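Below is the file start_9.txt, which contains compact mmCIF, C-alpha atoms.
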# COMPACT_ATOMS: atom_id res chain seq x y z
CA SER E 1 130.89 84.07 119.84
CA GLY E 2 127.96 84.54 117.38
CA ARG E 3 126.97 87.59 115.30
CA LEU E 4 124.07 90.01 115.89
CA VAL E 5 121.49 90.12 113.11
CA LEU E 6 118.85 92.52 111.75
CA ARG E 7 115.39 91.31 110.82
CA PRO E 8 114.25 91.92 107.25
CA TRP E 9 111.33 94.35 107.29
CA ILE E 10 110.72 96.03 103.89
CA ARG E 11 108.28 93.56 102.33
CA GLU E 12 106.42 93.13 105.61
CA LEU E 13 106.09 96.91 106.05
CA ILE E 14 104.67 97.63 102.59
CA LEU E 15 102.25 94.69 102.77
CA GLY E 16 101.40 95.59 106.38
CA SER E 17 98.46 97.99 106.62
CA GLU E 18 99.76 100.55 109.15
CA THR E 19 102.70 102.98 109.35
CA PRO E 20 105.83 101.85 111.20
CA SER E 21 105.62 102.57 114.92
CA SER E 22 109.19 101.31 115.28
CA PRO E 23 112.60 102.37 113.88
CA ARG E 24 114.16 100.14 111.23
CA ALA E 25 117.81 99.43 110.45
CA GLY E 26 118.99 98.89 106.87
CA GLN E 27 122.15 99.01 104.75
CA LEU E 28 122.90 101.80 102.33
CA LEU E 29 123.61 100.13 98.96
CA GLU E 30 123.79 103.10 96.63
CA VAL E 31 123.43 106.88 96.56
CA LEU E 32 121.24 107.62 93.56
CA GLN E 33 121.09 111.35 94.29
CA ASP E 34 123.25 112.91 97.02
CA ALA E 35 122.51 116.09 98.98
CA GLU E 36 124.32 119.39 99.48
CA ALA E 37 124.19 121.52 102.65
CA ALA E 38 122.30 124.83 102.61
CA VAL E 39 124.84 127.64 102.27
CA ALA E 40 123.56 131.05 103.37
CA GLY E 41 124.38 134.17 101.38
CA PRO E 42 123.58 134.88 97.75
CA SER E 43 126.03 133.28 95.32
CA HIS E 44 126.23 132.34 91.66
CA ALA E 45 126.88 128.70 92.53
CA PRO E 46 123.74 126.53 92.06
CA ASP E 47 121.60 126.00 95.18
CA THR E 48 120.15 122.49 95.57
CA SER E 49 119.39 122.82 99.28
CA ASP E 50 115.66 122.39 98.56
CA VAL E 51 116.22 118.77 97.41
CA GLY E 52 116.74 115.66 99.53
CA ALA E 53 119.01 112.67 99.17
CA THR E 54 117.78 109.59 97.32
CA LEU E 55 119.20 106.25 98.34
CA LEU E 56 118.89 102.58 97.59
CA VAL E 57 118.55 100.79 100.93
CA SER E 58 118.75 97.03 101.61
CA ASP E 59 117.42 94.98 104.54
CA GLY E 60 119.34 91.80 103.67
CA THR E 61 116.50 90.50 101.48
CA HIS E 62 115.15 93.39 99.43
CA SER E 63 116.20 96.89 98.47
CA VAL E 64 114.07 100.01 98.34
CA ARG E 65 114.39 103.56 97.12
CA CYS E 66 114.39 106.05 99.99
CA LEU E 67 113.80 109.76 99.70
CA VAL E 68 115.68 111.38 102.57
CA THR E 69 113.64 114.48 103.17
CA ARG E 70 115.22 117.88 103.59
CA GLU E 71 113.75 118.07 107.10
CA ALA E 72 115.71 114.86 107.93
CA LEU E 73 118.97 116.21 106.49
CA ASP E 74 118.89 119.59 108.22
CA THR E 75 117.96 118.23 111.70
CA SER E 76 120.80 115.67 111.77
CA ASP E 77 124.09 116.77 113.29
CA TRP E 78 126.87 115.65 110.98
CA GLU E 79 129.53 115.06 113.63
CA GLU E 80 132.92 114.19 112.07
CA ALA E 81 131.09 113.51 108.79
CA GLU E 82 131.08 115.50 105.57
CA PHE E 83 127.47 116.49 104.83
CA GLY E 84 125.83 113.96 102.49
CA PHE E 85 125.90 110.26 101.82
CA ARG E 86 128.60 109.42 99.29
CA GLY E 87 131.51 107.52 100.77
CA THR E 88 129.10 105.87 103.24
CA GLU E 89 127.93 103.02 100.98
CA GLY E 90 127.86 99.71 102.83
CA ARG E 91 127.07 101.52 106.09
CA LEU E 92 124.12 100.69 108.26
CA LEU E 93 121.43 103.30 108.41
CA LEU E 94 118.66 103.63 110.97
CA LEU E 95 115.35 104.94 109.65
CA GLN E 96 113.73 106.36 112.76
CA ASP E 97 110.81 108.17 111.13
CA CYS E 98 109.46 107.16 107.71
CA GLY E 99 106.46 106.07 105.62
CA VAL E 100 105.49 103.98 102.60
CA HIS E 101 104.48 106.07 99.55
CA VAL E 102 103.41 105.29 95.99
CA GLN E 103 105.25 106.82 93.06
CA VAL E 104 103.15 106.69 89.88
CA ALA E 105 104.73 106.08 86.50
CA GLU E 106 106.75 109.02 85.17
CA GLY E 107 109.69 109.81 82.86
CA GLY E 108 109.90 106.28 81.41
CA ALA E 109 109.78 104.40 84.75
CA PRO E 110 106.82 102.30 85.97
CA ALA E 111 105.05 102.91 89.27
CA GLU E 112 106.61 101.70 92.50
CA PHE E 113 106.54 101.80 96.29
CA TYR E 114 109.23 103.89 97.99
CA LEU E 115 110.10 105.13 101.46
CA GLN E 116 110.19 108.71 102.56
CA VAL E 117 112.56 109.25 105.44
CA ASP E 118 111.94 112.21 107.78
CA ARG E 119 114.45 111.17 110.50
CA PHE E 120 117.50 108.91 110.40
CA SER E 121 120.89 108.14 111.94
CA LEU E 122 123.95 106.46 110.55
CA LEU E 123 125.25 103.66 112.66
CA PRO E 124 129.02 103.14 112.56
CA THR E 125 128.71 99.53 111.31
CA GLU E 126 130.02 98.93 107.79
CA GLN E 127 129.60 95.65 105.95
CA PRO E 128 129.88 93.99 102.49
CA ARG E 129 127.04 94.84 100.07
CA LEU E 130 125.06 91.90 98.70
CA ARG E 131 123.03 91.72 95.44
CA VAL E 132 119.42 91.87 96.41
CA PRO E 133 116.19 92.01 94.42
CA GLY E 134 114.07 95.17 94.61
CA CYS E 135 111.04 94.85 96.87
CA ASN E 136 108.94 95.87 93.87
CA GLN E 137 109.95 92.67 92.06
CA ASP E 138 107.95 90.74 94.68
CA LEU E 139 104.61 89.39 93.49
CA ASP E 140 102.60 90.27 96.60
CA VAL E 141 104.03 93.78 96.57
CA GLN E 142 103.19 94.22 92.87
CA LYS E 143 99.59 93.18 93.55
CA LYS E 144 99.32 95.66 96.40
CA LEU E 145 100.86 98.36 94.20
CA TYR E 146 98.12 97.95 91.60
CA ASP E 147 95.51 97.94 94.42
CA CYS E 148 96.77 101.31 95.65
CA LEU E 149 96.90 102.79 92.15
CA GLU E 150 93.18 102.06 91.75
CA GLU E 151 91.95 104.83 94.13
Represent the structure contained in this file as structure tokens.
Amino acid sequence: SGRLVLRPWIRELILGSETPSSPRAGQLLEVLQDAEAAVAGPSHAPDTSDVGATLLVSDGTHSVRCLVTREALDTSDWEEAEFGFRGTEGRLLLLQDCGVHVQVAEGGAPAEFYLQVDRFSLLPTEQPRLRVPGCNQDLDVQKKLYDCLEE
């Protein structure tokens, strides 16, 4: 009887000149770097609890790299969910609190826009993952990138 649909928002957000007042839904395509929960007590096992998750998130039209901040990870309750993002690819993901940031060129990779997520929720919806260009491949985004760099 129809299907409910999410509006694309990534390109519009970056090109738009203010921070998002509203929460945005997007699909998790890939986990580039996953996160580990903070385990109290001294131990010889490595501690990576000071590092957030890094995801590739799609909106149906473009993808974007998202840095899920430690603050966002530690404030979420992981109810019936192993801590971290692997296994959840293809899931919908609600970015409730986030901002557009510029990453300058570094370690062989050119500059780009990316999102920093300070609050999020997984929705239960899972769905096929579709090939999608990066938002940084867009011409209007590229132009705005090089505007931002010059400052």
Non-local contacts of residue 132 in chain E (7 Å; all atoms listed in the file; under 4 positions in same chain excluded) as JSON, numbers by chain: {"E": [61, 62, 63]}
All residues 8 Å or closer to range 105-119 of chain E, all atoms listed in the file, same chain fewer than 4 positions away omitted, as a PyMOL selection string: chain E and resi 14+64-73+75-76+95-101+136+145
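A cut-off of 7 Å from the point (116.2, 94.6, 111.9), with all atoms listed in the file, picks out the residues residues 6, 7, 8, 9, 24 and 25 of chain E.
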Shell of 6 Å around range 120-131 of chain E, only C-alpha atoms, local chain residues under 5 positions omitted, as an MDAnalysis selection string: chainID E and resid 90:96
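Compared by their closest atoms to residue 12 in chain E, and using only C-alpha atoms, the residues E:33, E:144, E:84, E:44 rank with E:144 nearest.
For the atom pair formed by CA of residue 21 in chain E and CA of residue 88 in chain E, the distance is 26.4 Å, given to one decimal.
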For range 130-143 of chain E, which lacks atoms in the input, supply N, CA, C and O atoms and format the output as an mmCIF file, in the coordinates of the input.
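This is the output file part_24.cif:
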data_model
loop_
_atom_site.group_PDB
_atom_site.id
_atom_site.type_symbol
_atom_site.label_atom_id
_atom_site.label_comp_id
_atom_site.auth_asym_id
_atom_site.auth_seq_id
_atom_site.Cartn_x
_atom_site.Cartn_y
_atom_site.Cartn_z
ATOM 1 N N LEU E 130 125.502 93.092 99.411
ATOM 2 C CA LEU E 130 125.060 91.900 98.700
ATOM 3 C C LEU E 130 123.973 92.226 97.665
ATOM 4 O O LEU E 130 123.044 92.971 97.966
ATOM 5 N N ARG E 131 124.112 91.690 96.447
ATOM 6 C CA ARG E 131 123.030 91.720 95.440
ATOM 7 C C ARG E 131 121.728 91.305 96.067
ATOM 8 O O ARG E 131 121.648 90.299 96.768
ATOM 9 N N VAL E 132 120.694 92.068 95.781
ATOM 10 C CA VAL E 132 119.420 91.870 96.410
ATOM 11 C C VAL E 132 118.330 92.344 95.448
ATOM 12 O O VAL E 132 118.447 93.415 94.853
ATOM 13 N N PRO E 133 117.270 91.545 95.279
ATOM 14 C CA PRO E 133 116.190 92.010 94.420
ATOM 15 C C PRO E 133 115.484 93.241 94.996
ATOM 16 O O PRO E 133 115.483 93.442 96.201
ATOM 17 N N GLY E 134 114.899 94.065 94.142
ATOM 18 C CA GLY E 134 114.070 95.170 94.610
ATOM 19 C C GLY E 134 112.813 94.607 95.230
ATOM 20 O O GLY E 134 112.318 93.572 94.803
ATOM 21 N N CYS E 135 112.287 95.281 96.240
ATOM 22 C CA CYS E 135 111.040 94.850 96.870
ATOM 23 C C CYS E 135 109.866 94.915 95.894
ATOM 24 O O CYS E 135 108.864 94.223 96.071
ATOM 25 N N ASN E 136 109.986 95.752 94.871
ATOM 26 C CA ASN E 136 108.940 95.870 93.870
ATOM 27 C C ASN E 136 108.932 94.724 92.876
ATOM 28 O O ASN E 136 107.982 94.598 92.119
ATOM 29 N N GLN E 137 109.961 93.882 92.878
ATOM 30 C CA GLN E 137 109.950 92.670 92.060
ATOM 31 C C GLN E 137 109.122 91.564 92.703
ATOM 32 O O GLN E 137 108.827 90.571 92.054
ATOM 33 N N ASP E 138 108.754 91.729 93.968
ATOM 34 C CA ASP E 138 107.950 90.740 94.680
ATOM 35 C C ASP E 138 106.508 90.747 94.208
ATOM 36 O O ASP E 138 105.927 91.802 94.002
ATOM 37 N N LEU E 139 105.926 89.562 94.088
ATOM 38 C CA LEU E 139 104.610 89.390 93.490
ATOM 39 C C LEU E 139 103.494 89.953 94.359
ATOM 40 O O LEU E 139 102.537 90.533 93.846
ATOM 41 N N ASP E 140 103.598 89.749 95.667
ATOM 42 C CA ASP E 140 102.600 90.270 96.600
ATOM 43 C C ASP E 140 102.667 91.788 96.704
ATOM 44 O O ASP E 140 101.648 92.450 96.934
ATOM 45 N N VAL E 141 103.868 92.341 96.555
ATOM 46 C CA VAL E 141 104.030 93.780 96.570
ATOM 47 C C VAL E 141 103.414 94.358 95.309
ATOM 48 O O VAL E 141 102.640 95.312 95.383
ATOM 49 N N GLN E 142 103.737 93.767 94.158
ATOM 50 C CA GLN E 142 103.190 94.220 92.870
ATOM 51 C C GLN E 142 101.677 94.284 92.898
ATOM 52 O O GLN E 142 101.095 95.282 92.491
ATOM 53 N N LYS E 143 101.048 93.224 93.395
ATOM 54 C CA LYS E 143 99.590 93.180 93.550
ATOM 55 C C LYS E 143 99.064 94.297 94.433
ATOM 56 O O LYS E 143 98.046 94.912 94.110
#
